[PDB]
Student: 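This is the structure I have questions about; it appears just below.
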Amino acid sequence: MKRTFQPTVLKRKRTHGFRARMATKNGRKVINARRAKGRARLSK
Amino acid sequence: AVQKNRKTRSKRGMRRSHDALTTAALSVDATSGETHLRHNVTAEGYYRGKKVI
Amino acid sequence: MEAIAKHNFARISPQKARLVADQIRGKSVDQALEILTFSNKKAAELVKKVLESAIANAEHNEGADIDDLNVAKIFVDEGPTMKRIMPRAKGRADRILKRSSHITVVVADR
Amino acid sequence: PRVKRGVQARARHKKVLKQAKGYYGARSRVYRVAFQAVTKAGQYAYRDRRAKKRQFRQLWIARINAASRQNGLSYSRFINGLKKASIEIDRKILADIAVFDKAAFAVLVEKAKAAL
Amino acid sequence: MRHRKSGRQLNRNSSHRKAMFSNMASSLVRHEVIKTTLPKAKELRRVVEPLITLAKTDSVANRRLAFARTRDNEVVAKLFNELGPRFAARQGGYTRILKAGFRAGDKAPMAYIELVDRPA
RNA sequence: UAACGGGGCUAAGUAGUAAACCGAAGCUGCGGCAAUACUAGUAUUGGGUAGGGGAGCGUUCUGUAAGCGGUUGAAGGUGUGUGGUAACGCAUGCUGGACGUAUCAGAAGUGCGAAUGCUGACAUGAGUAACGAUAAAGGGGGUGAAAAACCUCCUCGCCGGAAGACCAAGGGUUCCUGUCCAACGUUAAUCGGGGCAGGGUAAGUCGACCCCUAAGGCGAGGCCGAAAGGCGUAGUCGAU
RNA sequence: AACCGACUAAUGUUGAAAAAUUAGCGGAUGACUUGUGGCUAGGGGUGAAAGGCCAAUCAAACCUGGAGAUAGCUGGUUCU
RNA sequence: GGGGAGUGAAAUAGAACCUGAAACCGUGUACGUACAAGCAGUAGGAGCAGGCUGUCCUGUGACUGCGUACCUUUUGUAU
RNA sequence: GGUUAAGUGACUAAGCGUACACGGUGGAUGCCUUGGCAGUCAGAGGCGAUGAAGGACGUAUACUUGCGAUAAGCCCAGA
């Protein structure tokens, strides 16, 4: 049965990637939040 | 489908009263003196005093 | 003279191993060895190795003869249990216990 | 200050468990069952300390009745006889006498008969 | 109920059993002694000992029969050239089962089965 | 049975008379404790839920205490003896191996059996169900501590618009070799997509990069909007 | 036939599987089906319309915060 | 994996390592238990076995009487 | 003394129970703490295009720390 995760790298990057996060105010808020939390991985 | 009360150790033990193991029927080969399952060849290949393997 | 061998952390359920221990408890060493030799039990092979280590220990670490030797004490004790996860149907997971056992044999010339 | 409960918590549990020595199964091993068990044992022990006094007196009366009737008088008539004879020997003693000194019992019976 | 019935299923289809026994007979003719499970040995006698009887009379018919039952030309030749001649006088009991303990892996009761009067 | 509690009863039923006895944690006797009155003795009183009131036990921490006890054995653990109405106290054998702490005060994360409580451990079911397509195995030999499962040989069977061979994606060393078999592998395993070590990916032409653009994204200025921003030109990105 | 689908039955229901398998069944040049990439986002989207679907969730997603909402209810509430 | 040997004050301090409780599981010993009906105890009580020396102590407990857990919630729960 | 009869009756434990002993499992408790928590008194109250915060990848005869192809460093001055 087709399950929900049908990964493509390009779609992962364009949605959740660093340059995508950095493009928007609220994305930067996420990166800053994760950077404050101490998260090793800021982006996907 | 399932118990309404955990079974005591006693009753568990009572069930396993028949769980004891019984030993194999052995015999000793005449020639080789090797113990073996009665009716079966020895490890050295004798059966009733003759080398058969 | 007593000699004790142990097999700690033996991968065998104590309940399984104990059936074979019951077969050779109180028996002579020669009698025990044949009982274990023609066993079809996995437990019998683990137990046979311990008993042989015990006999060796009496012959070497003590001064003794296999001839004058009895399974003085034998017992299996519950070892640590490795826990593991088995998937069941409908996304449910069950735990599997990989029981282990500590097999002790004592042999004695008395 | 923070108080850890361990050491005292165990002492309570152990006290009960020690009182539950000899009970079957959980009732001597497991605190939750043992506690219930040791409580009911105390309840029974209270009730029975009373009822001991009843059971023993029934036994005596049964024995005195046996002995009196061997000496040809009912328990009921014998007690009346003794009362009328002003003999104030308790049932516990009478029943002791009926077993251990049959002759004395017969004397008392003869005294009792005379009073009736 | 199985009253008076013969033949073990051996937890197999018929076509498999037929294949298995044809193979096993070929092995036994070739090697003259074969270790199998004891129930398979006992069934094998009902397959091999009839092949040996057939091989006592040498004919194109009988060789073809043996070939039909074995589909092995080496076996058929050994049957008619060696085993028949050997067992010419013998009235049955061409094989012998010797029980041989248990298999390690599954503690299956095992047995050797061999031809009688092996030159070896 | 099953409309005496049963046995059984013709009185062991019903009514009555006489004199007995049994019978409760009631009353009495004997010993003890407590509450409240009175004057240590009297007198009365002491079932109890919600609830009110009173008095305590023990725990951690502070002072007392740089005191007191402790490797000639602290705490903790586990027995035993003993004391009190109780919470509990005291002593002590063994274990243990360095703390403990009187007394009187002081302060609380101060007492657990319940909350389909929370965490960990360990039971019961139970050596039970099951071991994942009914395509199928049989045998000889090998290696090994051990071979149904690994290697090898001969047979058999199964797929064959696939159960073959490639590619993209996706994954990321799973590839090859040696070695190991604890765990992993629904069994064993000498084997493995497992562990460990070493090796292995060679481009003008394949692909990416690159030139080009689609949908669409972003978007100098701009237009619009409390702010954040939205839209959008020139552009610049964006393959399928 | 492939492919897409999902009408019946049986199995399965602590599954081989959080929707399948087996035997049958419908469509099969079209309002078809499929890959890649785009766009629409929560009182919002999208809907050949079932309140269907919007990550195994939907008469208002999910996450975090207000937040220990509130709970005239239920449970539980530890020594003598 | 273990037994010796050795180390150490200690090895039931041996790396699955201070202490090492309980649940739970074993081995050994004593006593009971295969004609016996239910909250498993209690009051009584024989016998047997250990001590100490039998109007003692300890363990077990044939047999007899009595006896439907706990909590909660309720007018009321063995329920 | 024997036989018979009648009565009576120990000795079984497959297993199980209780108690005790010695263990296993387990990791409570106690003791301990290189970590936390709440403050007081001071300091400093910013860092960044002279490229930050934070990272990637490297760097010595896997990861952490340091460093940056001058790479667990180079130079200089004090100590």
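Throughout, protein chains are lettered first and strands after them, A, B, ... in sequence-line order, and every chain is numbered starting at 1.
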Student: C1' atom, F:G76 versus H:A22: distance in rounded Å?
Tutor: 15 Å
Student: Students should be able to answer this: classify the pucker of H:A16 from the sign of its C1'-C2'-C3'-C4' torsion, north or south.
Tutor: south
Student: Rounded to the Å, how far apart are A:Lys11 NZ and G:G35 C1'?
Tutor: 11 Å
Student: Is the phosphate of F:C184, meaning OP1 or OP2, less than 4.0 Å from a side-chain N or O of C:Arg84?
Tutor: yes
Student: Using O4'-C1'-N9-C4 for purines and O4'-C1'-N1-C2 for pyrimidines, with syn meaning within 90° of 0, is G:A10 syn or anti?
Tutor: anti
Student: Measure from CZ on B:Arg9 to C1' on F:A126 and round the result to the nearest Å.
Tutor: 17 Å
Student: By the stacking rule (ring centres under 5.5 Å, planes under 30°), does G:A28 stack with G:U29?
Tutor: no
Student: Would you mind reading off the distance between A:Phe5 atom CZ and G:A18 atom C1', rounded to a whole angstrom?
Tutor: 20 Å
Student: Go through G:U13, I:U29, F:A148 for me and flag the one nearest to the E:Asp106 side chain.
Tutor: F:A148
Student: Using the closest heavy atom to pick a nucleotide of RNA chain H for each, name whichever of D:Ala51 or C:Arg25 lands nearer the 5' end.
Tutor: C:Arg25
Student: Could you check whether the side chain of D:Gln36 and the base of F:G113 have a donor-acceptor pair of N or O atoms closer than 3.5 Å, going by distance alone?
Tutor: yes
Student: With both distances under 3.5 Å as the test, what is the Watson-Crick or G-U wobble partner of I:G2?
Tutor: none
Student: For A:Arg35 and A:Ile31, indicate whether the former's side chain and the latter's backbone hold a donor-acceptor pair under 3.5 Å.
Tutor: no
Student: Do E:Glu74 and E:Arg30 sit within salt-bridge range, that is, some charged N less than 4.0 Å from a carboxylate O?
Tutor: yes
Student: Of the candidate nucleotides F:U124, F:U186, H:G26, which contains the atom at the shortest distance from the side chain of B:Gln3?
Tutor: F:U124
Student: Quick one: does D:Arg32 reach the base of F:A114 with a side-chain donor-acceptor pair under 3.5 Å?
Tutor: no
Student: Which residue, E:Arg30 or D:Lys15, contacts RNA chain F at a nucleotide closer to its 5' end, judged by nearest heavy atom?
Tutor: D:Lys15
Student: So, is D:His13 close to the F:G113 phosphate, meaning a side-chain N or O under 4.0 Å from OP1 or OP2?
Tutor: yes
Student: Do the side-chain N or O atoms of D:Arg12 get closer than 4.0 angstrom to the phosphate oxygens (OP1, OP2) of F:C88?
Tutor: yes
Student: Using a 6.0 Å cut-off, check whether atom NZ of E:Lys107 has over 12 heavy atoms from anything other than its own residue.
Tutor: yes
Student: For the side chain of C:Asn8 and the base of H:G1, is some donor closer than 3.5 Å to an acceptor across the two?
Tutor: no
Student: Tell me whether C:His102 contacts the main-chain N or O of C:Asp77 through its side chain, where contact means a donor paired with an acceptor under 3.5 Å.
Tutor: no
Student: Closer than 4.0 angstrom, basic N to acidic O: yes or no for E:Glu114 and E:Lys35?
Tutor: no
Student: In terms of base orientation, is H:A36 syn or anti, with the syn window spanning 90° either side of 0?
Tutor: syn
Student: Give me syn or anti for F:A133, where syn covers glycosidic angles within 90 degrees of 0.
Tutor: anti
Student: Please state whether the rings of D:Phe35 and D:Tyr31 are parallel, tilted or perpendicular, taking 30° and 60° as the class boundaries.
Tutor: parallel
Student: Are the six-membered base rings of H:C17 and H:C18 centred less than 5.5 Å apart, with their planes inclined by less than 30 degrees?
Tutor: no
Student: Nearest to the E:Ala19 side chain among F:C156, H:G26, H:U42, which nucleotide is it?
Tutor: F:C156
Student: Check I:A79 against F:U103: Watson-Crick (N1-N3 plus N6-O4 or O6-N4) or wobble (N1-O2 and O6-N3), both under 3.5 Å. Paired or not?
Tutor: no
Student: If we call a positive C1'-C2'-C3'-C4' torsion north and a negative one south, what is the sugar of F:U187?
Tutor: north
Student: Taking donor-acceptor contacts at under 3.5 Å, does the side chain of D:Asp48 reach the base of H:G67?
Tutor: no
Student: Taking the inter-plane angle between the rings of D:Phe105 and D:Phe78 on a 0 to 90° scale, is it parallel (under 30°), tilted (30 to 60°) or perpendicular (over 60°)?
Tutor: tilted
Student: For H:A23, does the glycosidic angle fall within 90° of 0 (syn) or outside that (anti)?
Tutor: anti
Student: Take the protein atom CZ of C:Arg11 and the nucleotide atom P of H:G1, then report the distance between them rounded to whole Å.
Tutor: 15 Å
Student: Do other residues, nucleotides or ligands put more than 12 heavy atoms under 6.0 Å from C:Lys41 NZ?
Tutor: no
Student: Are OP1 or OP2 of F:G127 and a side-chain N or O of B:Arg16 less than 4.0 angstrom apart?
Tutor: yes
Student: Check for me: is C:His7 stacked on H:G1 by the 5.5 Å centroid and 30° plane-angle rule?
Tutor: no
Student: Calculate the interatomic distance between D:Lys21 atom NZ and I:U18 atom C1'; express it in whole Å.
Tutor: 10 Å
Student: Look at the side-chain N and O atoms of E:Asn23 and state whether any lies under 4.0 Å from the OP1 or OP2 oxygen of F:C156.
Tutor: no
Student: Tell me whether the side-chain N or O atoms of D:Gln8 pair up with the base of F:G111 as donor and acceptor below 3.5 Å, since no angle test is needed here.
Tutor: no
Student: Hey, which of these two, D:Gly25 or D:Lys14, hits RNA chain H nearer its 5' end, going by closest nucleotide?
Tutor: D:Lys14
Student: Using a distance-only criterion (donor-acceptor N/O pair, under 3.5 Å, no hydrogens), is the base of F:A148 paired with the side chain of E:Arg103?
Tutor: no
Student: Is there a donor N/O on one and an acceptor N/O on the other, under 3.5 Å, for the side chain of D:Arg77 and the base of F:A20?
Tutor: yes
Student: With the stacking criterion set to ring centres under 5.5 Å and planes under 30°, output yes or no for H:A34 and H:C35.
Tutor: no
Student: What integer distance in Å separates D:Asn65:CG from F:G23:P?
Tutor: 12 Å
Student: Are any of D:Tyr23's side-chain N or O atoms less than 4.0 Å away from OP1 or OP2 of H:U42?
Tutor: yes
Student: Does F:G23 have its OP1 or OP2 closer than 4.0 Å to a side-chain nitrogen or oxygen of D:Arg57?
Tutor: yes
Student: Is the phosphate of I:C16 approached by D:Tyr24 (side-chain N or O, under 4.0 Å from OP1 or OP2)?
Tutor: no
Student: Think B:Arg12 has a side-chain N or O under 4.0 angstrom from the OP1 or OP2 of I:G15?
Tutor: no
Student: For F:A40, tell me north or south, taking a positive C1'-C2'-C3'-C4' torsion as north and a negative one as south.
Tutor: north
Student: Is F:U71 in the syn or the anti form, by the rule that syn lies within 90° of 0?
Tutor: syn
Student: Tell me whether F:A15 and F:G16 stack, counting them as stacked only when the base ring centres are under 5.5 Å apart and the planes differ by under 30°.
Tutor: yes
Student: With a 3.5 Å distance limit and no angle check, can you tell me whether D:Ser68 reaches the backbone of D:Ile64 through a side-chain donor-acceptor pair?
Tutor: yes
Student: Please determine if a side-chain N or O atom of D:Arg10 lies less than 4.0 Å away from the OP1 or OP2 oxygen of I:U29.
Tutor: no
Student: Please report the distance, rounded to the nearest Å, between CE in E:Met20 and P in F:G157.
Tutor: 14 Å
Student: If I take atom CD1 in residue C:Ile4 and atom P in nucleotide H:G28, what distance separates them, rounded to the nearest angstrom?
Tutor: 15 Å
Student: Report yes if at least one side-chain N or O of D:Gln58 is closer than 4.0 Å to OP1 or OP2 of F:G23; otherwise report no.
Tutor: yes
Student: I want to check one thing: is the phosphate of F:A228, taken as OP1 and OP2, less than 4.0 Å away from some side-chain N or O of A:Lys25?
Tutor: no
Student: Strictly below 4.0 Å: does C:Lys90 bring a side-chain N or O up to OP1 or OP2 of G:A19?
Tutor: no
Student: Scan D:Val7 against the nucleic acid and name what it touches under 4.0 Å (heavy atoms): base, sugar-phosphate only, or nothing.
Tutor: sugar-phosphate
Student: Given the cut-offs of 5.5 Å for six-ring centres and 30° for planes, are F:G171 and F:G172 stacked?
Tutor: yes
Student: Salt-bridge test for D:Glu110 and D:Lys113: reply yes if a basic N is under 4.0 Å from a carboxylate O, no otherwise.
Tutor: yes
Student: Should D:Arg91 be listed as having a side-chain N or O under 4.0 Å from OP1 or OP2 of F:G23?
Tutor: no
Student: Counting only distance, no hydrogens or angles, is the base of F:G140 paired donor-acceptor with the side chain of E:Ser27 under 3.5 Å?
Tutor: no
